[PDB]
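Only one chain comes next, encoded as structure tokens, the form deposited in one PDB entry.
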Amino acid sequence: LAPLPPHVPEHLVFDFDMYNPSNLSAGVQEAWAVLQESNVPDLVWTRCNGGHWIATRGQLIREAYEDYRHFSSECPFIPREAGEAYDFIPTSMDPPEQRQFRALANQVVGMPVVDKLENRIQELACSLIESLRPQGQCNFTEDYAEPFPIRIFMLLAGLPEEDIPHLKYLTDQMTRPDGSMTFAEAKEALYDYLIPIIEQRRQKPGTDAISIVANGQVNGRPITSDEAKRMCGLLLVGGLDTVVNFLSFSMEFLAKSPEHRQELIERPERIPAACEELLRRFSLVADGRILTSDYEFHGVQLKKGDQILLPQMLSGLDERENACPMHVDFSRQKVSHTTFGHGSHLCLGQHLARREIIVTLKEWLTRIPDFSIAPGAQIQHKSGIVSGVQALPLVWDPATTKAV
């Protein structure tokens, strides 16, 4: 517990630990939802993780994401040292400089790219699932959720399949840390992999994402090598743990809810809506911002340099915006969430991510309509900037399945 700053009133202190919240055993969204109990104010200060604010309600979360002038992305992670070291593009930039970098990134992971990749996304899902189907078991996180998005990235980035276990090694070191290296070191090791590739594709561009970013123009001039690297690191990591962990949450839920599986089998037209309602219920990101100036917000004095956690996760779980928020209803009306963020940094990958989710749901239930959690296994969640599932052992009777 860091010393409480004298500008912070004691009545706003609530020592939530985003990397190890109490009651994690109840589920990680449930653990974060403690922040929305009736005796917790809308904006609190936690002394954990160096000390920082947390906005606990959708209205404040969206407001702060809109107000980039006060709430800057230059240090967007807790703890401060990680946020300081972090320099990916565009996530560590504010508008207006951010806008042209975001437009360049949009050309390589935005919507039209989706239609070009869609046949490979479909084929990859089907091939992975058929490999598992006859076995009657898998560790879903390891056997489907991890290989699916990284294979898609390698295709969009024009990288060879054999590079996958090394890239995985490198991203795990960053995003699945064990305290052996600092964020800065893991980040540099990732940059070491990308720097030669960007050099190569600046001399000899192709039509892959790295070539397009590395040869782009921004605010009137060519992008530098360093800018390209910082963009490519985000394009790699952006759709990896988010998708891995979101799919895992979704499949845990479906494994525990035969009635919702049957619903999507009998009414496949509801799968897009189901995707949105799972994105709401199993929202999983929590990053934040740094104050650019002293600012009073919702009656609370914020100080220049204070960090504020703005959990994307919480908006859709807020009872003030969605009734019975922990309940999953594929027929829910007025589904609201900020799962993909809000404001100037609203996820560029969201159309790709929804395609990945919808293809998985449809192709999984087509071949393996009936499955359960392995008997006896205790599913464990993890919490942090991207919350997730540690492992997801599933079982089924292969006689209930079909090759398609």
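Superpose the two forms; the largest set of C-alphas matching within 1.5 Å is the rigid core. Residues carry their position along the shown sequence, with the first being 1.
A second form of this protein, the form deposited in another entry, is not displayed here; the remarks below concern that form.
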{"item": "Entry of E161, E123, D115, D294 that shows, once the rigid core is matched between this form and the one not shown, a C-alpha shift of 2 Å or more", "value": "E161"}
{"item": "Flag for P272, CA shift 2 Å or larger between this form and the one not shown after aligning core", "value": "no"}
{"item": "Core-aligned C-alpha movement of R332 between this form and the one not shown, 2 Å or more", "value": "no"}
{"item": "C-alpha of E259 moved at least 2 Å between this form and the one not shown on rigid core", "value": "no"}
{"item": "Closer or farther in the other entry: C-alpha pair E142, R176 (3 angstroms or more)", "value": "farther"}
{"item": "CA-CA separation of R176 and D17, closer or farther in the other entry than in the form shown [shift of 3 angstroms or more]", "value": "closer"}
